[PDB]
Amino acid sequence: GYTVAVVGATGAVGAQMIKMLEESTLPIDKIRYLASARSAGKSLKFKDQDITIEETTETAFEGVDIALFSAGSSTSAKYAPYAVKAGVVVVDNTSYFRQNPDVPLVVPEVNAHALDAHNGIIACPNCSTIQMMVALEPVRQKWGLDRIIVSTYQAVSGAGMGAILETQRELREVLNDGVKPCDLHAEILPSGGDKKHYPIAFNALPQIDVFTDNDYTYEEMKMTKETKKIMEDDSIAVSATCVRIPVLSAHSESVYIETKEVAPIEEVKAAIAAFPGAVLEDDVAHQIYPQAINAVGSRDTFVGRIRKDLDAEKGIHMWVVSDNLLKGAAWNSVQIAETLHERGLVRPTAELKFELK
């Protein structure tokens, strides 16, 4: 069996990492929960066992076979390289290593083969990217993809526990105390790293992450760059708009694509149905389509509203929904670890390829 560590065990993703591990096919001999100094000494369950939480440090990874990181990019930057040096295989949820050419960026249903060449770190893509890749890969395999335009409808749990509690508080102030939305005080959203903060209650915020130089956000640009790496095709054009809405869990996405060859609409639907990890939920005659509230708690990615563009011959619109803390994060990560186990890839790396900070 393995020694498995969860870095960021106390966070929103971490909680789901624990659940996914509890329900895993991974043979686990020993579990370790890591967080900041603040949580160290506190206790948390793994199934029935009480596990004492430890401080994450340069020296915390001795004896660990697999570490799952979900404690922000800065934490992965500081400590993941030390875990690799110690002989750990790291599965990282953060953005920090995703564009490093020595790091596979993996959704197992799409590009599991890229795991073969890892050097101790495997990166999980951004939550919004993962579910879009699950929906579109089966289409790409058969008809190709020329371009993608996507508008996202993103739940607040992606920004962490703080963001969840802030959203709950704001809704309660409005609905129970009669505070007007524009009078609400916010501290976290749209981005903890940015200067100004805005209410999410009864709002739609077209900012996720900070702005980059080209006036897209980092979240938008992550979708673009991650898509091309995962699909191994820099020729695919991708432009995104990423919007936070008042949803606690499950991202939805309005996705437009143009295929390389015309894709018969009903075959597109069949291909998506046949693809592992994707569930076709598309029957408009009976008002059947993916919804955020029904996706919460499932590892599947749900696709519907599938239809031709009204004018573009190769154009197709769809609606994609998935639990952003499961396939979007914790489940993708644990699925990666299971795949590494199944293919004999859980072993220390020969050469260190990551700078110690």
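Just count from 1 along the sequence shown to find any residue number. Under this definition, the rigid core comprises the largest set of C-alpha atoms superposing within 1.5 Å between the forms.
- In summary, of the stretches 177-185 and 213-221, 177-185 shows the greater Cα distance from the shown form in 8 other deposited structures of this protein, with structures fitted on the rigid core.
- Root-mean-square C-alpha deviation from the shown form, taken over all structures in 8 other deposited structures of this protein superposed by the rigid core, is larger for 168-176 than for the alternative among 168-176 and 251-259.
- When 261-269 is weighed against 108-116, 261-269 comes out higher, by mean CA B-factor as recorded in the entry.
- Two stretches are in play, 203-211 and 74-82, and the higher mean C-alpha B-factor belongs to 74-82.
- Taking the PDB entry at face value, the top CA B factor among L184, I122, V238, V88 belongs to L184.
- The PDB entry assigns its highest CA temperature factor, among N332, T301, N294, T57, to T57.
- In the deposited entry, the Cα temperature factor of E226 sits in the bottom third of values across the chain's modelled residues.
- In the PDB entry, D323 places in the lowest third of its chain by CA B-factor.
- When the modelled residues of the chain are ordered by C-alpha B-factor, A67 sits in the lowest third.
- Per the PDB record, residue ranking by Cα B-factor puts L352 in the highest third of the chain.
- Annotation for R147: C-alpha temperature factor in the middle third relative to the rest of the modelled chain, per the entry.
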